[PDB]
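Inspection log for the structure reproduced underneath, given as structure tokens.
Cβ: placed from backbone, ideal geometry, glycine included. Neighbour counts: every protein chain shown. What is reported rests on the model, the rules as stated and the sources as named; no laboratory read-out is quoted.
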Amino acid sequence: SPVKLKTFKXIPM
Amino acid sequence: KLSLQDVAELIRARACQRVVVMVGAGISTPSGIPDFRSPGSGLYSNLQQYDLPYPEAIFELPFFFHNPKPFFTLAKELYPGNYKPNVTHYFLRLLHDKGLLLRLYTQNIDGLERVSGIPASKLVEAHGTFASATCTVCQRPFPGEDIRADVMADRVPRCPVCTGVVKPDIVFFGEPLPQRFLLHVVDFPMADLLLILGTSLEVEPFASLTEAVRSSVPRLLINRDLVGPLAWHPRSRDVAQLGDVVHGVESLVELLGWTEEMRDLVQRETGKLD
Amino acid sequence: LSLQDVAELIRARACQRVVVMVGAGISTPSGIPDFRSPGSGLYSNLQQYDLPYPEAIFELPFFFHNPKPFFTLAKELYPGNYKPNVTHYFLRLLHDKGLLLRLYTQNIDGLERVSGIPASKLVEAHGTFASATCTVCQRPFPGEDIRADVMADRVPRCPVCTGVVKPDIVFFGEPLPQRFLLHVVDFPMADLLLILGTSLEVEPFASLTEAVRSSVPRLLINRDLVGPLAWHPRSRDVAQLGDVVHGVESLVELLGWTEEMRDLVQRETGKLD
Ligand SMILES: [Zn+2]
Ligand SMILES: [Zn+2]
């Protein structure tokens, strides 16, 4: 659960 | 391997007739827009009043339903007319006028791309825009102008038949990307040159689109440093115009020989603007 | 309310239980290219293996697909290559004086132990090269055991199983070490929060900045204002913005520790080399 690259993403779909 | 001089000559020789551009917050900050409120800024101080858990909470939908006042505070700033487009947005307007622009994928919600005169068809506002809105209940479409009065009066738009909140078309955290984003399938293989202007590329699928172009296609990075998949996976014909964004665009315009034609555009548009 | 005031509090042992949260900010003065920046550094070397993206080095499925990129990085950061800088020893001095309560670090360089800070005083939140665990054997091995294979561009294998021996690093998606849960105890009892060179981008780490009680002052020597310190500040917050090394040095002088500091860095550099 450390520095998960997708911290916050506006999902494309 | 390749220089900005070489790219200018190619455009000048119409070798690159179908340009796809990818712009970010880098091009808006010369216009004074605090797209991110991180530094100490007027827009920053106001949003701390609402006691948000974190700065990106305004973009999250569930907090909005709890309290929509912070998001519209942000909207009140970015609504067209407060800020002006800078040379970058007009450089892309010139790119369109000459018939070279294929599509402009933008990460910004300021809307200056359309303000500068670039048609919506040539444009993909990838995170949304304040030019339209939809009732959160009836899902009825409204133009931006319709809700302008209420936004500028620190009010919360309620629609006519619903009396429910009228949220502008902004892609909130969790919302699917705009339908127009799916044009990347068509545009990117057909592009002959990729321009990236002031984009960190730390967010995908934006970053992923840098590799979509053909191996012949050169990629121009005018960002202040080399970032995104460009650094990890560069190409041979890539050109990195590193440094301040406006400086790079100005140099490229000079190398293209359009400064004369450029000055006319900024003038006639500044007149219409004010 | 100001940097001297914090120094005087420590100087008078008014702040007797200090919790510190450091990031890759204090390592880069040591020469460590932890950031894996686009310029000269490991970046080009790991590009040989054709990673899908730089952060793919810390994925479990890719590592199982191809573990050579991770071990390439390991060879660099593996202990005995780089030295601790002034920051790491300033915190060692804070420990020796009995002031340090815990040091929560986001770094895998291991310089904190190199600088003399005991493992008990340390929560290496992203892992450490002090141990290893066979991916098949599930047997724990000391750090030194795999040094020969790692430093020889080889891939270590467990003795009985002959399976890959992955250092104890927290790969992307793996749960943080049990040692992380000491944050529940430390932060309420802490007497002062020190923040040195951490972006505070990681929200599980970042959330702990507000964990301390409102009486506790929070010292941010990081170059810029970030995280909950910037977004939601308190009255007792102190931001010693600027270059990390200079900020720590100023605090050492303001503590009246410059003489003792020079003594420590010198004799410790001797022990190492
Ligand atoms: Zn309505
Ligand atoms: Zn084994």
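Whether a residue is farther than 19 Å from residue B:23 by Cα and under 20 Å from the mean Cα position of the chain (by Cα) was assessed, and residue B:256 does not pass this test. Here are some conditions: (1) away from ligand 1 (no atom under 14 Å from the Cβ); (2) more than 14 Å from every other protein chain (Cβ to nearest Cβ); (3) among the charged types (D, E, K, R). Residue B:202 meets all but one. Which one does it not meet? It fails just one condition, (2). Picking from residues in the range B:135-155 that are basic (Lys, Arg) and more than 11 Å from ligand 1 (Cβ to nearest atom), the one that is nearest to the other protein chains (Cβ to nearest Cβ) is B:148. Across the range C:244-255, the qualifying residues are those that are more than 16 Å from residue C:5 (Cα to Cα) and β-branched (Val, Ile, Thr), and the one among them that is surrounded by the fewest Cβ atoms within 10 Å (Cβ to Cβ) is C:245.
Checked against (1) without any contact (Cβ under 8 Å) to a residue 40 or more places away in the chain; (2) buried (at least 19 other Cβ atoms within 10 Å of the Cβ); (3) within 16 Å of ligand 1 (Cβ to nearest atom), residue B:158 meets all criteria but (2). In the range C:141-228, counting only strands (runs of 3 or more DSSP E) that sit wholly within it, the ones holding 2 or more residues that are under 30 Å from residue B:41 (Cα atoms) and among the hydrophobic types (A, V, I, L, M, F, W, C) span C:192-196, C:218-220.
Looking across the range C:218-245, the residues that are under 19 Å from the mean Cα position of the chain (by Cα) and closer than 20 Å to residue C:11 by Cα come down to C:218, C:219, C:220, C:221, C:245. In the range B:123-134, is there at least one residue being in a loop (DSSP other than H, G, I, E, B), more than 14 Å from chain A (Cβ to nearest Cβ) and without any contact (Cβ under 8 Å) to a residue 40 or more places away in the chain? No: the range B:123-134 contains no residue that is in a loop (DSSP other than H, G, I, E, B), more than 14 Å from chain A (Cβ to nearest Cβ) and without any contact (Cβ under 8 Å) to a residue 40 or more places away in the chain. Quick check on the range B:234-243: of everything there that is crowded, with 16+ Cβ neighbours inside 10 Å and without any contact (Cβ under 8 Å) to a residue 40 or more places away in the chain, which residue is nearest to residue B:200 (Cα to Cα)? Within the range B:234-243, the match that is nearest to residue B:200 (Cα to Cα) is B:240. Examine the range B:134-149 for a residue that is buried (at least 17 other Cβ atoms within 10 Å of the Cβ), more than 12 Å from the chain's Cα centre (by Cα) and in the same structural domain as residue B:18 (by CATH), and state whether such a residue exists. No, that holds for no residue. Exactly one residue out of C:135, C:128, C:162 is among the hydroxyl-bearing types (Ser, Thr, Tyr) and more than 16 Å from ligand 2 (Cβ to nearest atom), and it is C:128. I'd like to check something: does the range B:62-84 contain any residue that is of a type in the set (S, T, N, Q) and closer than 26 Å to residue B:222 by Cβ? So far as the range B:62-84 goes, yes, one or more of its residues are of a type in the set (S, T, N, Q) and closer than 26 Å to residue B:222 by Cβ. Scanning the range B:188-214 for residues being crowded, with 21+ Cβ neighbours inside 10 Å, under 17 Å from the mean Cα position of the chain (by Cα) and either aliphatic (A, V, I, L, M) or on the phi > 0 side of the Ramachandran plot (or both) gives a total of 7.
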